[PDB]
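One chain comes next, on its own, written as structure tokens: the form deposited in one PDB entry.
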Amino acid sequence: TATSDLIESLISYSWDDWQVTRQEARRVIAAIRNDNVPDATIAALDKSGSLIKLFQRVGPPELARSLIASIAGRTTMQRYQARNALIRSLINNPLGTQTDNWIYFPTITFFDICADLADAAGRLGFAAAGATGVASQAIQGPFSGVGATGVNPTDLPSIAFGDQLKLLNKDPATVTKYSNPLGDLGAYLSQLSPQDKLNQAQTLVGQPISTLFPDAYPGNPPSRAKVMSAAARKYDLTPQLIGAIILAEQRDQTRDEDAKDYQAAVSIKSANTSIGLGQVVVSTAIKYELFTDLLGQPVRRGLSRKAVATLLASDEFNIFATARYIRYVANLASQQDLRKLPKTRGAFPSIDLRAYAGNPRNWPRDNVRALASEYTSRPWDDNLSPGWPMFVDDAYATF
């Protein structure tokens, strides 16, 4: 026990082939999450033949998710036993967790993702609950995407079927509606006070992650700030640098653009969009295996393209992908020949390629400006974004 007794009696309150009451399931979940000996509880349920029963009787897929995620996360020595019971239970109920936002993850994959995610969170140090944050209410205009808002791109309503076709057909009004909101980057910054800027940064960073796997966490989901710090230690970066890169993206993002990014990626067309907090491009995340540090190879080998696009809409995965990619752009810089990057040298006279190999605490500010250019655009081809370097540099100064 001491939670299995409770759970054992609760599942006796239902038919053999029929699912328990929603409120009874909630009570099972809660018991699991609040339990001090999670492995022992699993071992117990398994002795009695009640473990598989648990997976059979709970519930609709929305609650199966909570149960599966909770068990997969809290569990350790006895994880494989929970994994094995679930497998035999899916014989009967095949659909399991694989619906809605999670339709691109087979149920066993959902389990393994929660396992890997919980392990990484404890190991990289972002398992701990984040304070409730003040999220923006905005729904239009700059800084109205998930960065500002907390609203997962994956939860946004379907773009009207007719509007989808206008998108494919390049209808100017429709394309404007679902595009980047900023043209004059400087004019946008000019209209914000130092207090406004700091407010955006705290809103961005102070919120709990918008995660597709809330119950993989021991308690509530961690602050984005915590995840950024953790990614910073992992990649020898700085939470300020990750923060500025993401703040810039998120300023030049709208709620409507979140909807197109995610929906176009999982549509028949599998568009190659940039998704989520740091606007990671789908194919780039696949190419450079940007999820390496959160998911083990077994799970990574099996992910579909559309599962990857969905993971990018999960804040913690996105933050780590973004950081991995920033560190990659910096290592790639380390190894250039500044002689062959005349325009770069020209635009960023204090650039120091060697310093890129190390922590940003010791990067010259021109290194941040240059990398900003080479994060929004192809890295180190000597073609520069004219406006992004100053845009990211402003965010960085705010942090």
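Think of the rigid core as the biggest set of C-alphas that the two forms share within 1.5 Å after superposition. In this text, residue numbers run from 1 along the sequence as written.
From this point on, the text means the form deposited in another entry, which you will not see here.
Report task. Can you spot, among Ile139, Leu95, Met77, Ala160, the one with a CA shift of 2 Å or more between the shown form and the other one after core superposition? Result -> Just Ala160.
**Report entry** Core-superposed C-alpha of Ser377 shifting 2 Å or more between the shown form and the other one
**Finding:** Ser377 C-alpha, core-superposed: shift of less than 2 Å.
Query raised in the report: When the two forms are laid on each other by their rigid core, does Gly243 show a Cα shift of 2 Å or more between the shown form and the other one?
Result: No: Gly243 shifts by under 2 Å between the shown form and the other one.
Query - Post core alignment: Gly130 C-alpha displaced by 2 Å or more between the shown form and the other one - result: Shift of 2 Å or more: yes.
Requested in this report: Note whether the distance between the C-alpha atoms of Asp17 and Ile103 decreases (closer) or increases (farther) in the other form, against the displayed form; the change is 3 Å or more.
Outcome: Residues separate in the other form, at least 3 Å farther apart.
Query raised in the report: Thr107 to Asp17, Cα distance in the other form relative to here: closer or farther, by 3 Å or more?
Result: Farther: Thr107 and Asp17 separate by 3 Å or more in the other form.
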